[PDB]
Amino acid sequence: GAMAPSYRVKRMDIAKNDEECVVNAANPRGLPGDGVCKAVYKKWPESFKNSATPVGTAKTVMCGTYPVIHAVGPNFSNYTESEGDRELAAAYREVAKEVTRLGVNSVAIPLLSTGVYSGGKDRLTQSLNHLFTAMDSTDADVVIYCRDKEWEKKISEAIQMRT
């Protein structure tokens, strides 16, 4: 575990992370995808061997010895708000199981279902709160990666508010 487990947020490509493993915002079919998923495909293509996994689950595949945790958030275009909320919470619980199993001291994580699976809604708070619900009981240092300047500020505020 980390000596003083923390949350941090950085505004940069998660493919450039400085953590011991990465979470991919994966699609269920293990396809290269878009956004975070395509960045992860470019950096760790070997990790897409048999990475297909259902919505609400995570499946880890090693790129060398570097673990890629493929976490499949729901696409809110297809799910009801209620069912999507349940699957988004479930994906993050499976990420916490994998991070724990791997024994890493740090993990790079995107906000699941906030991009093209958002169904056109701002889900920063919904996705971040499910991240915290899952990761709070882990002792890994968590580094959240985002692209938007305003999201960075809002994620940073939410982290600092609970310290």
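One-based numbering along the sequence shown.
For the pair 113-121 and 129-137, the mean Cα B-factor is higher in 113-121. Relative to one another, 94-102 and 32-40 have unequal mean CA B-factors, and 32-40 is the one with the higher figure. Sort the chain's modelled residues by C-alpha temperature factor and residue 13 lands in the middle third, per the entry. In the deposited entry, the Cα temperature factor of residue 49 sits in the top third of values across the chain's modelled residues.
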